[PDB]
Each structure stands twice: as C-alpha cells, then as structure tokens.
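Undergrad: Okay, here's the structure, questions in a sec.
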Amino acid sequence: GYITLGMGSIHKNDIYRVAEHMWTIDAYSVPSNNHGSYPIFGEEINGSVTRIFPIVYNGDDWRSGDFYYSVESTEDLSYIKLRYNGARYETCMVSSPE
Amino acid sequence: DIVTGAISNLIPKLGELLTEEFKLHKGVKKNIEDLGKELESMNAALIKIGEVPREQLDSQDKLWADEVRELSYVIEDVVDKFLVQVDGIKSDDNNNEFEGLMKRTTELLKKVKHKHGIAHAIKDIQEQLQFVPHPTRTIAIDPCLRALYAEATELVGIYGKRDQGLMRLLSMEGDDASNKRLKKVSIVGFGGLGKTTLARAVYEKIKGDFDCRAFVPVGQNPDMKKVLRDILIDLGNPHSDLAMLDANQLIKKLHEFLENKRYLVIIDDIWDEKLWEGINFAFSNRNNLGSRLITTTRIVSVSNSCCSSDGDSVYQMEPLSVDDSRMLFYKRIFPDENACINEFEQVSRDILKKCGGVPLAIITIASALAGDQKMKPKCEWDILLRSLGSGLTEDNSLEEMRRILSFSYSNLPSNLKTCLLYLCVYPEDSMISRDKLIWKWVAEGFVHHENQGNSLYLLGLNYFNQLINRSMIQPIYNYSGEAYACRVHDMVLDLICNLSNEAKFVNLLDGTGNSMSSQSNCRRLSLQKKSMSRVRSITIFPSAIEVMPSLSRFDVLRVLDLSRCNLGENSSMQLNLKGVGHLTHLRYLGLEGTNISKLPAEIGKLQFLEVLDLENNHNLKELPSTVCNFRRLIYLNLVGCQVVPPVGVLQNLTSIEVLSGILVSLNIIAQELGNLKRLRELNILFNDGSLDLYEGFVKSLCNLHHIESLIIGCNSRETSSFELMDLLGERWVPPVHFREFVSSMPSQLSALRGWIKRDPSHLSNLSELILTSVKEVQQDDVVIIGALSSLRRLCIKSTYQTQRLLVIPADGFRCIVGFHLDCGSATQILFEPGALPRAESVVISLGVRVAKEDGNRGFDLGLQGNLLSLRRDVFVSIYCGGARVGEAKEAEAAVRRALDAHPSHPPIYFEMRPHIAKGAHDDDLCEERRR
C-alpha cells in the first residue's frame, strides 16, 4: 500500500487527507520561500477545477519552507495525482477510495 | 590550474598557523621559518613555471603523479594535524623529513629549470619576483541576461516548425514504387539549432496517415540494452513485459512484431554510430510496403556512419541568418548605444561561420568580452580568427565547435577554473541548488582566504555570479527574480568531463568500479549508479546505497555526503553511525534527509567540523551532550526536526554565522545568545510566551551587530499576545545591511515606521517583507512601504480592519515583483492608473462597497489599461458581506472584462470564499455573514 515515484515512497492513507483539507482553507493563504502562495488552481478535468498543495517526504502537513512534492485533486476525491519537481518532472496517477 | 590552485591556499594557511600556533615553540618556529620561506619561493616559482604546461615538466608533473601532489597532501595531512594532534603528540620529526624533500625540490627548481631551459628564477626571485564580513560585492548577475535567454528560446521556435523541405524529402507524397521501399533519413545539427523540437512536428502531424508511431530518446548512454527495451515498449503497441531479452535475438524479437508491418519509429538524441545498422539488420532489407525511419544526432561523423547508404539523405538546420543573428549578440554587449567598433563587430560575426552563427557559440564568445562593463580592444581576432578549421559541412563535428568552447575555458581568471571543474560529480541535467554548492566549496577550500578575517560564504557567492555571467552555467530563476539553482549545458559537460579525467581530478564510477591504483591515484570519488586510505572526498547519490563499504576503513577523509540517501534507520545495509570516531578530519557531514534515530555520542570528538546540515529528520529529539568542542563550524540547520536544545551547550559555539531552527525554554535566549557575535542568519521558533522571555530575546539581539536575516514563528494555537512585536519595535535598531524580515506573529505597522526614523542609514537592503497577522493598514502605511528602494516581495494580510479604502500610488512601488495585499471585507482597492511597472503577480480583494457612488454601479477596480508587465496568473477574491448573489456574479464578470484587452493574455482565476455556489437562486435575499 504505497505510491512510488522518482526517489521516495509515500503511504497511501495520508495523501487522502491532503487532498481534502486543501478545499477547506482559503485560496492563496500560505506563502512559500520559492514558487509562490498555495493552494493554486489548476487545469480543468471533466468540469469543475483542481487545486495543488505541497506535501513533505514523510507525509506530514506543510506549513512553510521548501518542498519538492505536490498533490493535485478535484472536489470528489476521484481524480488525484502526485507531482515531483526534483531533477525532472514525473507524474503518477492515484487510485480512488472505495 | 590544479597544481597551482592546491598549493596557493597552503601559504596563507601555514602563515596563519605561525600566527596562531607555531609562535609558541621557538625551536619549531625556526624550523617552520625555513618551511615558510621555501613555500613562499616554491609556490611562486610554480606560478612562474605555470606559463609552461604541466606535461612538459617531466621531472615535476610525474612527481605530482608520484610525490609532490601526495606531498601537498601529506603536508596537509600534518598541517591539519599541527593544530591539535601534533600539539598533543609532538610530531616534530615529521617536519624534518618533509623539509628535506622540499630542500631537494628547492635543489630541483635550481636544477630542473636550469636543465629544461627555463629562466633560473631561484636566485632571480631576489631580483625579479621580490573583521568585516563583507569584503567586497564583486558582481551581481547582469540584468540583461534574463531577457537574452528569453529571446533565444523564443527564437528557436520560429526557426523550428519549418519542415516544408523536410516533408518534401520524406517521399510521403503519393503512391510510387520508390515510396514502397524503405527510406531511412537522418537529420544532424549542432548543439542548439533546435532540430529536436522540430522532429516532433512531423510525428504529430502524420499520425493519421500512418498505422503506428514511436518516439523515444536515447541520451548519453552508449549501450544497446536500454534502447532495445525502450524500443519494444512502443513498436506499434505495448507488447506486455519483455525486460529479459538479449541483443542477438533482437533480430527475431522485432521480427515477431514487424515482419510485414508498416513501421514508423523515430530515434532521437543519440551519440552512437553503429546503432543504425543494428536496427536496420533487425529491420531486414528494403521492403515493398513503404516505411520511414527518422533519426537525429548532434555529431555528423556519428551520423555519417548512421547515414551512408543509397537513397538515404542528410538534412541539417541552416545557420540563424546574418541579420537575425545580430539580435542574440548585440543585446549582450551594447544595450543602449554604440557606433565605435563595427568592422571588428562585423568580422567577429563572420568568425562564427565555422558554426555558421549557431546560438551556443555566439553566447560563449560574446559574454567573454564583457563581465561587468565594456572592454579594451579585443585582440581575439589574432588567435581564433578564421584559421580554426571550417565546420560548415565537415568540421562541424567534435573538431571545431569543441575548440571554441575550449578557448573560453582558458580565459577564465585563475581560481574559477578549479571551481567549475568540480561540477562533474553531478549527473546529466541535474538540479544544482545555489546554497548547497557554495557551502561545499568552502569545506574543501577552493576560496582563497583573502583580507584575513572575512566570511568565506560571501567570497564564494562572488565566484558563482561570475560563472553565471559569461556562459558556463545557466540560471534557473524563481519568484521575485533570483537565481536559486543552476544548470550545465550538454556540450559543456563533455568539455568538463574530458578535462577532468585527463588530470585525474575526480573519478566517476559508472556502477561497476574503476581499476585505479598506485599510479592511478584515487583522490576524490563521486558515486552514481584495501589501499583506499588516501581518499579525501566521497559522495553518494540515492541510487547506489547497496554498494558501499563500512565507515571504519577511513583515516584522512574530509567530505562525506549522504543527502537524500537511505542511511536512516531502515533497509538492510547496517548503516548505523557507530564507528564515526576514527574520522578526525571531516569538514562536511551532510545528513540532509535520512531518518536518523539518534546522533552518536562520539560526534563531538571530531573538533574540526565546519558545516553540519540536518535538513529534515522528524524523529530527532535531542542533541548529544558533547557539542561544546565545535569551535570551527559555520553552518547548523535544524529545520523539520523537533529538538530541544540542552542547557549550557550553545554558549561556547562561538563560530556560527547561520542558525536555522531552535526553541526557547527559560534563559537560553539570553544567557547564550548575545555571545555569538558572528551570527548573520537566524531562524527561531517560539513555543510559549511571557514577558520574562521576550525581554531576554530583545536584549541579546541588540548585541548582534552583524545580522541580516530574521525569521520568527509561533507554535502554540493561541496567539492572543501582542508582546513580542511591540517590544522589538521600541528598542532594537536594524543594522546597515538588513535584508530579510519574515514574521507570523501579530504585528503592527507603527513599529515598522519606528525603525525607519531611527536608523542613521535608512532601510536600503530590505528586499522582502512577509506579515500574516497585521491588524491595521492605513493610507499613511502604504506610502511609507512604497518608498523603499529595494523591496522585491511583499505579502500582508489584515484582521480587525477599520478603514474604507486603499490606493496604490503611481509614484511609489518601483521594484516589486509580487504583491499580496489581501485586506478583508472593507477596504475597496482602487489602483492608480499606470502603476506597478514591474509587477509579475498580484492578489486583490473587493467587497460590497455601497455608499461610494450614488447610483447602482457595477463593481469597478482599476485594471483597464494597467499592469503592463503581468506574466503569470492574476488572482482576485470576492467578498459578499451580506449582499445579493446577482451583485456578486456581476462582480465576477466585471473584473474579467477589464483584463481581456491586456496585450499579454495572462491567466485569470477567481474564488468566492463564502461559497456562494449553491442551487444558484438569484433572489437569495442575502447570503450569509462575514463568517
């Protein structure tokens, strides 16, 4: 029960809460050292909108600093992705809870 | 070069040892007095001999290969031993043995120079040869550099997608007998002409007319196992799992899939020449159906072997004109005006005919002319000129363009050569953070300790900017326009690797080890997937942890890096830190991201560390009760780790210049905080709050006269106290070069106004200001913030707001790239026309207004014909405050109307915080309250 990517592994039962809490906080409310303020709206899939919010290596919440992981999701916990900046971009899809 | 660089730093080092240590022993001082004079003569002699290349010094260069380079190490092995170990063990007899070798070297210099024909500059030496942390800001990155790279990437697009000729030679016009035969066309070009982008246009636009398609890169791996596996994935369709396969059976392996199938595959970014024949053998002879094979290459000679059959054709991208090429050149040198040098200007352009005017060769030669200002008569016209080959069609391979990059390498001033060579330890196209690289240069000692007592980090920063300046490393920008990472070009990587492996400076393990011993000395090793006691730098990347020996078998090691690795407390490598005791020479122990359980108790026995980076470790809880001997360290990063500092363990650590992540309990913020006079950056986290704690923090901060960065945060959920911010604004005065201020505690802008009219030197370096709990933002507050001459990133929130409107003046904010003013329900925001000249991203809120205009008006901001420099997204919130849905929807459309004639087309987003999105009844009769 994990999701593998460029150099790390994140346990599955933690990405879900990151994808959900990002739809309850305000938009552009948490500043960052680089990049910019998050969460940021993304491109549209099957209607509605998407949001992106950084996550840390272990899987805990992110308050401020620097990051190299991101989670993008819709407001149904159906379409979820994991994003990695690192050396190069690498995207993997996330299954849906049942 | 390497020989002079490694020795040029020991003369100041042993001179400092005489001042600090050797003055105590009269007998040793006399012996070191002989050591000092010989070293001053010998290293200076090597500089004079430095005009003669190393290899011509058969007596000397082979003696580095045997003794001298090791002598520069064994001396350094006892130089670092002189400070503490020799002070305890009294290894004076070792000096007598070594000075004899130098005496022979002194005799050799008298003899070798006399025999080799060099001028006898030994007796001629007597005739011919003979506090503040900020020494000098040598240079900042040239502002014109960012625009120049922007045009180059935009210029390659226009010169791409011109495949009208390429489609003609594809022979895919109609039905013909020749169209039924195999036609494998190869395209070749220089490093930067942009054929890789062009090759995609044919691939995408021909999908309908072809049954199958494929596109997979090769890269800089000269192997067949990887490409065959990649090819079989997308021959015409996925073909399940075929990882376990052989190269010989590829003839049959491709046979079972495309025996009579119309196949259209494309192979790009290849440096191998016989690969074309091998796949062609697997593709059999010419068929009777009709297929095309397109391959690109950056080496013509490699492509010449790839394309040397009848029917096949060679297509190369043209040179970038003669008029459009001047734009990429004349911008870098003469931004405004020049009418003095034109004949030399034009003739230097025609020099590039060896490549024709390729983008890479233009930038490398142009930027070498100007580093910070213009230059004297060039005189380059007499060296490279035109006689350096002619690569229009035949010398364009690694015969001519390589020489152009080689000429610029030898013009770099002295010490920059050794710093640039060190970048070979990183893989292709890797991301190199600025902070990590600079703090590693100091550890090994590539920065000459000039002016005797200035910060090494700042001098290291000067080197990085100058490398960015000309052509050697490509910057990677970020928010507010700063370079926080760098990249190395593809061809420049080849030049560094060949030059590095010729002098054996750094060894790169491919994944199976290198048979280097005795003469092939192993000095600095980089690992990317006995008799090694002479190693002094080991680096491991997070893909080869399974291949590494234990930590015990090391005795002279200096740098040990395990960033992002899996040292931790997991896996099956038995990688416990126990056994680190026998490493009493380390200068860089970077455990950046491993899940460390407990720091070893003997870590304090290594009284030579300069940097210690624990960038992320959640389960770390306490420092060992032995960290009091570290009096030579500059770096200590503790972010992401919940550790409580021990009592009375931080006072005698008086060498710090940066500290990131600590807590406060009773008096650690006052008893052992003001003693650190060299601290420059501070990052702290507060747990609790009372007047007996903030008072101690403020008093200590007054004694730190050399602080330029400050970050404060809170951890407790309750933050009703306003004590910390008000106390700081009344007593403390910022230094002359204060740079960063970030705070999340509750704050007031009256305090910031106090600092402005106290400082003798008004704030002229505060480039950032982050505040997330401001209460009041008044009209007088915005003007004062807008008068700062170096601000680059502002982000202010608001709570308990009591004003009705705010305006941003036209004459005001000048160097702002980010704007994050997000006041609450009140404070309608109206931008003054033609303001924020260089803003790149803004967020602004609006509300219900009313009572502002007599009639019912659509909510209008100032955005029509304004913000003429937006590039990234623009965000506008919306606040109802007990209003009508129809008004809110009108506000959504009104804002989007203004930013539609903007001649840059930036993306626009909106978000309704009260979540009006419902069953969508227009006559909702008010929505909610402010909650």
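Each chain in the structure tokens gets a letter, A, B and so on, in the order shown; residues start at 1 in every chain, and ligands are counted from 1 in the order they appear.
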Please find the residues of chain B near chain A - the criterion being any atom within 6 Å, counting only C-alpha atoms - and write them as a ChimeraX atom specification.

TA: /B:430-431,479

Undergrad: Write the residues of the selection above to a file with C-alpha atoms, as a short mmCIF file (atom, residue, chain, number, x, y, z; two decimals), in the first residue's frame.

TA:
```cif
data_model
loop_
_atom_site.label_atom_id
_atom_site.label_comp_id
_atom_site.auth_asym_id
_atom_site.auth_seq_id
_atom_site.Cartn_x
_atom_site.Cartn_y
_atom_site.Cartn_z
CA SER B 430 20.62 17.72 -12.67
CA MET B 431 19.30 20.48 -10.42
CA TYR B 479 9.66 34.26 -7.60
#
```

Undergrad: Within 12 Å of residue 399 (chain B), counting only C-alpha atoms, which residues qualify if same-chain residues fewer than 3 places away don't, as an MDAnalysis selection string?

TA: chainID B and resid 299:301 354:355 388:396 402:406

Undergrad: If you run DSSP on this backbone, which residues of region 180-417 of chain B come out as strand (DSSP E or B), and could you give them as a VMD selection string?

TA: chain B and resid 182 to 188 216 to 217 265 to 270 291 to 297 314 to 315

Undergrad: Compare B:427, B:217, B:36, B:278 by their minimum atom-to-atom distance to residue 494 (chain B), counting only C-alpha atoms, and give me the closest one.

TA: B:427

Undergrad: I'd like the contact shell of residue 765 (chain B) - 6 Å cut-off, only C-alpha atoms, skipping same-chain residues fewer than 4 positions apart - returned as a list in words.

TA: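 Near residue 765 (chain B), the qualifying residues are residues 737, 738, 739 and 790 of chain B.
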
Undergrad: Show which residues sit within 8 Å of residue 90 (chain A), as a PyMOL selection string. Count only C-alpha atoms, and ignore same-chain residues fewer than 4 positions away.

TA: chain A and resi 5-6+83-85

Undergrad: Deliver the residues from the most recent selection as a file, using N, CA and C atoms, as a PDB file, in the first residue's frame.

TA:
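Listing of selection_35.pdb after writing:
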```pdb
ATOM      1  N   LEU A   5       7.631   6.847  -6.710  1.00  0.00           N
ATOM      2  CA  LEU A   5       7.928   7.955  -7.605  1.00  0.00           C
ATOM      3  C   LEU A   5       9.447   8.053  -7.727  1.00  0.00           C
ATOM      4  N   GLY A   6       9.934   9.188  -8.229  1.00  0.00           N
ATOM      5  CA  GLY A   6      11.340   9.403  -8.523  1.00  0.00           C
ATOM      6  C   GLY A   6      12.341   8.850  -7.527  1.00  0.00           C
ATOM      7  N   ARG A  83       2.838  14.878  -7.894  1.00  0.00           N
ATOM      8  CA  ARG A  83       3.755  15.645  -8.726  1.00  0.00           C
ATOM      9  C   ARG A  83       5.100  15.786  -8.030  1.00  0.00           C
ATOM     10  N   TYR A  84       6.175  15.672  -8.809  1.00  0.00           N
ATOM     11  CA  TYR A  84       7.539  15.701  -8.294  1.00  0.00           C
ATOM     12  C   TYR A  84       8.372  16.636  -9.154  1.00  0.00           C
ATOM     13  N   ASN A  85       8.937  17.672  -8.535  1.00  0.00           N
ATOM     14  CA  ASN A  85       9.781  18.608  -9.277  1.00  0.00           C
ATOM     15  C   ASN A  85      11.193  18.051  -9.428  1.00  0.00           C
TER      16      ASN A  85
END
```

Undergrad: With a distance cut-off of 10 Å and only C-alpha atoms, select the neighbouring residues of residue 223 (chain B), excluding the residue or stretch itself and same-chain residues fewer than 4 positions from it, and output the selection as a list in words.

TA: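 Selected residues are residues 218, 219, 227, 228, 272 and 275 of chain B.
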
Undergrad: As a ChimeraX atom specification, please: the residues near region 601-610 of chain B (cut-off 10 Å, only C-alpha atoms, same-chain neighbours under 3 positions excluded).

TA: /B:80,83-84,439,442-443,558-559,577-589,598,623-636,655-656
